[PDB]
């Protein structure tokens, strides 16, 4: 049903929260499709999740640009490498089964939770004090 429950530990700017929450929602969708052993849906939700992650990444990066965030370069590269990783994981789904989907999911969760708490948290105060919401 639910793999990841939203908590204050994942909180950031309000606008950013809407995107992180949506990513958590995709994770849970993908979990339910795996639980249902529905591989077509699993592949479809994984595609949507990946596409949405890329747009969320792009949104952060635009905030880094507009606001001249000093660590814009490293954070962007972190995003880029993870897109690469997601694209690699995706290839396994064509021939994979629900257990493959689960293993992928744990990977996605582990990265996302860490990234939000460790990397995304670094930009929060900087953007807050410049009036970003």
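Positions refer to the first chain, counted from 1. Rigid core (definition): largest C-alpha set, two forms, superposition within 1.5 Å.
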item	value
Farther-lying stretch by C-alpha RMS in 4 other deposited structures of this protein (rigid core fit) among 20-28, 5-13	5-13
118-126 versus 5-13 - greater average Cα B-factor per the deposited record	5-13
Average Cα temperature factor in the PDB entry - higher stretch of 95-103, 62-70	95-103
Which of 56, 79, 50, 37 ranks first by CA B-factor in the deposited coordinates	37
CA B-factor ranking of residue 75, expressed as a third of its chain	lowest
For residue 86, the third of its chain into which the C-alpha B factor falls	middle
Residue 42, C-alpha B-factor rank within chain (lowest, middle or highest third)	middle
